[PDB]
RNA sequence: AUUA
RNA sequence: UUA
Ligand SMILES: *[C@@H]1O[C@H](CO)[C@@H](O[C@@H]2O[C@H](CO)[C@@H](O)[C@H](O)[C@H]2NC(C)=O)[C@H](O)[C@H]1NC(C)=O
Ligand SMILES: *[C@@H]1O[C@H](CO)[C@@H](O[C@@H]2O[C@H](CO)[C@@H](O)[C@H](O)[C@H]2NC(C)=O)[C@H](O)[C@H]1NC(C)=O
Ligand SMILES: *[C@@H]1O[C@H](CO)[C@@H](O[C@@H]2O[C@H](CO)[C@@H](O)[C@H](O)[C@H]2NC(C)=O)[C@H](O)[C@H]1NC(C)=O
Ligand SMILES: CCCCc1nc2c(N)nc3ccccc3c2n1Cc1ccc(CN)cc1
Ligand SMILES: CCCCc1nc2c(N)nc3ccccc3c2n1Cc1ccc(CN)cc1
Ligand SMILES: *[C@@H]1O[C@H](CO)[C@@H](O)[C@H](O)[C@H]1NC(C)=O
Ligand SMILES: *[C@@H]1O[C@H](CO)[C@@H](O)[C@H](O)[C@H]1NC(C)=O
Ligand SMILES: *[C@@H]1O[C@H](CO)[C@@H](O)[C@H](O)[C@H]1NC(C)=O
Ligand SMILES: *[C@@H]1O[C@H](CO)[C@@H](O)[C@H](O)[C@H]1NC(C)=O
Ligand SMILES: *[C@@H]1O[C@H](CO)[C@@H](O)[C@H](O)[C@H]1NC(C)=O
Ligand SMILES: *[C@@H]1O[C@H](CO)[C@@H](O)[C@H](O)[C@H]1NC(C)=O
Ligand SMILES: *[C@@H]1O[C@H](CO)[C@@H](O)[C@H](O)[C@H]1NC(C)=O
Ligand SMILES: *[C@@H]1O[C@H](CO)[C@@H](O)[C@H](O)[C@H]1NC(C)=O
Ligand SMILES: *[C@@H]1O[C@H](CO)[C@@H](O)[C@H](O)[C@H]1NC(C)=O
Ligand SMILES: *[C@@H]1O[C@H](CO)[C@@H](O)[C@H](O)[C@H]1NC(C)=O
Ligand SMILES: *[C@@H]1O[C@H](CO)[C@@H](O)[C@H](O)[C@H]1NC(C)=O
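Chains as they are written, first to last, in this note's numbering: chain A, 1 to 774; chain B, 1001 to 1773.
What follows is the structure, given as structure tokens:
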């Protein structure tokens, strides 16, 4: 169905609306720009390769190029591969770009360059040079960038990529860049705010540098500035997980009280890790539009209790005051100044790392009438005592986050303590349910109904990762009449009573995963038929519980649709000869998705499929060490659409898959030991739409196994990483792969000959087999 | 160095003292008995193969055989592999054994046999027929076994291997076996004690059967019986993890009170899981030698508070009363009868699964004067309250076991609840002194007062509790002699570097799986807490997810072993951050360092220089190491063991001599090594163990493997490679065939991948004569 | 899990 | 392989 097979090792794509032809050669182990790129190419990406040089021949025929992404073909020593270090800088020969008359965006990050490349076309609006070795900016080297609007020069001199001197910027270096909207000089060992900057600036990024003082007039003209980030000049270095040098004498970044006067358009101000001890109200006299303010990682512990500056910020949406605690101090309580009540627009307030023993309801009173408040984040505060009923005055909130505290009777895992949370890479929850009380990672070991008094409004409660080691009998959550999602994972649930959780009469999702403790000790009673009582439960997760025994023999539900039962011991419950648990899931009448991967099921006893509930659609048996599989038994599963058998030990496929399942749509067989396909494998498998045979040991595929009326249905067909043998016997397969319309990922990189000798390591897509036709 | 290569796929071994020639073909995927077994062979083992038949030709020349182990060549369907089910029972032709005039032991278990193989020699003393399909014993079929002493007939009819009828035994079938010492009829669907039995019996095993009643005289003559197991007749089925059918009418196994009268020599009596509700003293009137008595898995809850029968047991060493609780009852406390005080000889007492809320010192008083008591096991009792100071009255004990309870302010994991704990297969801190095992409880806070009066303790097990606390050294004051502290699986918060410093006798500390507080950014961790513990030998901090540390050095002048696996040294040693490159340098006496599973895809320069000076055994396994500067091994001047298994290395050093000139054991299994450097092992004279298995090597030439270096080797592992058996391979193939050096799996996984002709062929059998024409 |  |  293809007259000319695609041989270029890049994903080519057409967006005819925007007349873009996209050529993506990301990470193709290329040592030169591959030949045969479409001359109509607009966007060409060549990141993560080892192309040693660029020359006029590089883009010679590609005169329609709007964007060139040529990053990380020589990433600096400490940043890149240690197995494949780049030997020498990328070389850009003269005139390599001057011919690309339409080029608007040029990325040359991560190539160890020493200087701003010259000869760039005046069409250019974005130039990116992060992670190079350019640490001295001269106004002459910038003349060529007249029409530039976006300029990234950061990460060219910092601990992971040192230049061993200060960053140097000539006076007015940037001033004649009259269209410059975004200037990024982060992570560069800069020592003063470069001046004068063009008043066209909208975004200025100066963070993680060596700037100790702001001059009064450093931002005098930037009356279009919207984002200003000065974070990490004079850093707070306590528990920093990267090398950190503070300003002498514990000095803060010194900011004159009038330094922001010109910034009437400022929407974002970031002063993270600037070791500040005061926030002068004078700063915000002529900024009335500020929406986002980060003051995390300073020394504002006392200022939080005063905080007059908040009276000047009526339009503020986000305020972050996290990690301002005084060292070695465990405060008794949280002193929140009354000034917080003047933050009429506040949607998000974050005060992690204040560190205090006891939170009591009045202390949050400055917040009571903040009508727009959606998120209150008091995590990582070592709170020991908290009456949860105080949040009855915060029903309007979407998330109350008390994660990581010591209470007893989304942001990244590493966020406040990383070096550059916004660093670019070489390539490129229950909040939905309503009000959420996150109590995860606390010290709750016993819960009683009263603990939730006055919180009937809660829709999701996260008790994950506490110490609850208790038999729940339905009396513990009584007030939570509207709860839809309970995350109870990483506790020590003791399912003695089949009335556990039955008081949560609106519960749709229940996670009791990683509660393996009591299931790990022999002879203890576990009631798995507790599902009968939850009449609107859709989804149950009981993964990684080590379940090997069960007092009850069947689980019952008239509502349950998804059961995650992964990481347990169904091999033990279904031990050959023991018939008592073969219908464990049969009475989950509405169940459509069953995950019983990672259950040590090296074989499936007869009765397992007959015992499945009648509407099972999607079944995972992955990661089981399955050594054998009687495919005929799929006939029992009359609504089976997806079968995941990945990461097992299967060595054969069924003789005729049609004769096994008349419903099967998605068959996943990846990472098995299959060495050949049956003669008529896919014959009349008219329902088949997705087939993954990748990561096996297949040598040959004949036409009988792959009828073309079945292959034209297939949305995807995975074959990479097999042991394909490219003799003349393989002529049909090699022809078909090269000429097929079917989607086959990784033809450029992992559909390969193992032999014979002559062809080893060669791609099947490039194979020439004419010698078989003489 | 060998003139005739061994080609037999069996390990041949000679113990000339007992003039035994042992030939072990266990699990060699054999479909016939290999030819060429040494004629002098004594023990021949052929278990786990697929030999379909035995015939007179089988052992024709092997007339010196004392033992034949021929088990599991046709395992019953539900017991064996389901990927390779045996298609048809093993077939034993007439005369197969009559010629083996010296044959004393014959194992034919797990072969799906239907009948007792006949024609056995009169020399035979042990016959084993477990896991076959023999469920009818006839006295006629037993004549040939005149001189037999050990006879195993169990597992021929049970849930995993059903026969669908009752087991049948003709009367006096065993009586003329005048030398018969041990008879095992376990797991057999037996319905009465077979009679009469030969009085020569010492061990009789009838457990897991369908015996509903013992007759008065069933054991009348067995006055040499030493062990009797009747367990699992009328079983207690509550929470049984196997199919379990109780005796009707909630009846127990009925034993008339005089049934044991003849059993004067009985040392062990096992009545586990017989649904008993009473233990009549009359049973034990004429046994005073009893040492071991199992009464677990009955219904003796009340009888434990009465227990008159114990007065008849002054010689008893072990007593097990575990899992007698009455269903649905959570007693307030443990009523132990005073009769326990009469167990003058008792060393081990076990009462798991009594199930009661509060244990207090008075309940244990009957135990106060049992001077020989060594073990008290009160686990799985759901105890909520226990003043631990009550054990001040038990300093003499070796183990006080409160594992798996609900306390708050070794036996196999499955033991009391398995079907047959003694079934045959087809093939700790106690040492340190008094041990208080509190593992798997609900302790969430520790204060010094909790250990008042327990200074005698040597090992304290707190593993698997809920301790989520900063220890400042004030929590363990009374434990002045503690040598072993297991604190794993808790939530230790190392805020204070004075943690544990009060335990000034601590030699080993496990704080593994205390990852909780290490998982959350910005929290202070003091890893230099080791400085205060002046006698600490072994520190385990495995699986803690440590990625950050306020302190930059760990300090100890005593510590010799540090387990640091499952952490994030990749983050602490992030390229460009030099501050933790000497984390371990001042562990001056450290000899063993485990930093496997640390995501170290590379080792930054400085890591090796930062190692302490006496490092002997260093594991970098399971790290995804893609690259390794072998030269930097020069810094490690005392390195004896280097474990680099399960990584992504593609090369070995150009000269291992020039890298480490002490290295004895180099482990490189499961990597991506495709070829050896030309002069690899040249002059590496101290090397004694080399594992290159599970790599992708195609060729090995003599340059890389000089023979003055390979004869050094205690072992040399090469299996699961990609060996190419062309004429280029002539030296390697010759050396493998003729070497004395031990190379495991030569029979089964040292294989040519090619070329074509030789694909899948064993290197040991390879004929390369065409290369010499 | 090739007698658990 | 800019975190
Ligand atoms: C950032 O700038 C500082 C000073 O401008 C550099 O520090 C010097 O580094 C050299 C070489 O390591 C030392 O010999 C000097 O003592 C340092 N001078 C001062 C004043 O500290 C630093 O190396 C620069 N580069 C970075 C941090 O990557
Ligand atoms: C070789 O076979 C003999 C005979 O089966 C084994 O010797 C027996 O070992 C037990 C162990 O205590 C003794 O009770 C028997 O009396 C021995 N038989 C005798 C002495 O005739 C021997 O263990 C086997 N050796 C190996 C290595 O398999
Ligand atoms: C143990 O023996 C009993 C007989 O007492 C077997 O039970 C019979 O099994 C067949 C087939 O399942 C039934 O049709 C009979 O009705 C049963 N008879 C009785 C009296 O129950 C039992 O199967 C045997 N057990 C094993 C494991 O072989
Ligand atoms: C974000 C705070 C980082 C420093 C820190 N680390 C810890 C820690 N591991 N455990 C604690 C436990 C209770 C209170 C505070 C801390 C604490 N703290 C805060 C703190 C530490 C020490 C002191 C002095 N006792 C007061 C407060
Ligand atoms: C050896 C024990 C097997 C049965 C069992 N299972 C559990 C369990 N999962 N949690 C408990 C928690 C507290 C007390 C008893 C049990 C218990 N128990 C004992 C028990 C169960 C049920 C009752 C009835 N209230 C009393 C006592
Ligand atoms: C293509 O490049 C243009 C110009 O830089 C850019 O605006 C657009 O987002 C790119 N599109 C794709 C799909 O790469
Ligand atoms: C909070 O602290 C500020 C100064 O830090 C002080 O003005 C105020 O009175 C304090 N309020 C309370 C309730 O402690
Ligand atoms: C918690 O506060 C609520 C009122 O919001 C009150 O009803 C309850 O008694 C308090 N509980 C405790 C333990 O202080
Ligand atoms: C609950 O919190 C844990 C840890 O904070 C998190 O992993 C989990 O995804 C949360 N649950 C939901 C339902 O968001
Ligand atoms: C459930 O347990 C709670 C607390 O242990 C108790 O108050 C309540 O009476 C129990 N309910 C039932 C039905 O047993
Ligand atoms: C669960 O099963 C047990 C019997 O195994 C029964 O006692 C209990 O009442 C059942 N509970 C429910 C809710 O079905
Ligand atoms: C089937 O379920 C798995 C979860 O086990 C999910 O990841 C997958 O996308 C599902 N497939 C379909 C077609 O619903
Ligand atoms: C498979 O083929 C047989 C032979 O005709 C047919 O009777 C049977 O119904 C088929 N099974 C399915 C599931 O189509
Ligand atoms: C402590 O108890 C745990 C849990 O029972 C056990 O795994 C561990 O081996 C024990 N520690 C020692 C040192 O014996
Ligand atoms: C350690 O802390 C405990 C717990 O509060 C306290 O009892 C003790 O005074 C402290 N000891 C030292 C030496 O700091
Ligand atoms: C551990 O090191 C830290 C330095 O980060 C220091 O504060 C503390 O006193 C040290 N303690 C010991 C016992 O070495």
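Beta carbons: idealized from backbone N, C-alpha and C, even for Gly.
Bounds of the beta strand (DSSP E) holding residue 1068 (chain B) are 1067-1069. Under the DSSP assignment, residue 509 (chain A) falls outside any alpha helix (DSSP H), being part of the beta strand (DSSP E) whose first and last residues are 509-511. Listed by position in the chain, the residues whose beta carbon lies within less than 7 Å of some heavy atom of ligand 6 are A:15, A:20, A:22, A:42, A:43, A:66, A:67, A:104, A:105, A:126. Not one heavy atom of ligand 3 falls within 8 Å of the beta-carbon of residue 1721 (chain B).
In this structure, DSSP gives residue 20 (chain A) an extended state, which the three-state scheme calls strand.
Non-local C-beta neighbours of residue 527 (chain A) in its own chain, meaning closer than 7 Å and more than five positions away in sequence, comprise 495, 496, 497, 498, 551, 552, ordered along the chain. For residue 244 (chain A), the three-state secondary structure derived from DSSP is coil. Per the DSSP secondary-structure output, residue 618 (chain A) pairs in a beta bridge with A:593, A:642. Of all residues in the segment 541-564 of chain A, the ones placed with a Cβ closer than 8 Å to any Cβ belonging to chain B are 548, 549, 551, in chain order. Taken in chain order, the complete beta strand (DSSP E) segments of 3 or more residues contained in the segment 1473-1547 of chain B are 1484-1486, 1508-1510, 1538-1540. Its chain contains 529, 531, 532, 587, 588 as the residues whose beta carbon lies nearer than 8 Å to that of residue 556 (chain A), once the 5 sequence neighbours on both sides are disregarded; these appear in chain order. By a beta-carbon distance limit of 8 Å, residue 637 (chain A) contacts residue 609 (chain A). Their separation comes to about 6 Å. The beta strand (DSSP E) runs lying completely inside the segment 1688-1742 of chain B and spanning 3 residues or more are 1689-1691, 1715-1717, given in chain order. Listed along chain B are 1521, 1522, each with a C-beta nearer than 7 Å to that of residue 417 (chain A). Chain-order list of chain B residues neighbouring residue 345 (chain A): empty, with the shortest C-beta distance near 29 Å, by a criterion of under 7 Å. Residue 532 (chain A) is outside the set of residues whose beta carbon lies under 9 Å from a beta carbon in chain B. DSSP places residue 1571 (chain B) in no beta strand (DSSP E) but in the uninterrupted alpha helix (DSSP H) bounded by 1569-1572. When C-alpha distances from residue 686 (chain A) are compared across A:76, A:508, A:708, the shortest belongs to A:708. Taking 9 Å as the CB threshold, residue 1242 (chain B) lines the interface with chain A. Taking the C-beta atoms as reference points, residue 1276 (chain B) is found no nearer than 9 Å to residue 1293 (chain B). Cβ proximity to chain A below 8 Å picks out 1380 from the segment 1377-1389 of chain B.
A distance criterion of 8 Å places the beta-carbon of residue 1331 (chain B) beyond contact range of ligand 16, judged by its closest non-hydrogen atom. For residue 1210 (chain B), the CB contacts under 6 Å within the same chain, skipping 5 residues up- and downstream, are 1189, 1191 in chain order.
With a threshold of 8 Å, the Cβ atom of residue 465 (chain A) counts as near ligand 9, since some heavy atom of the ligand is closer than that. Non-local C-beta neighbours of residue 1671 (chain B) in its own chain, meaning closer than 6 Å and more than five positions away in sequence, comprise 1647, 1649, 1695, ordered along the chain.
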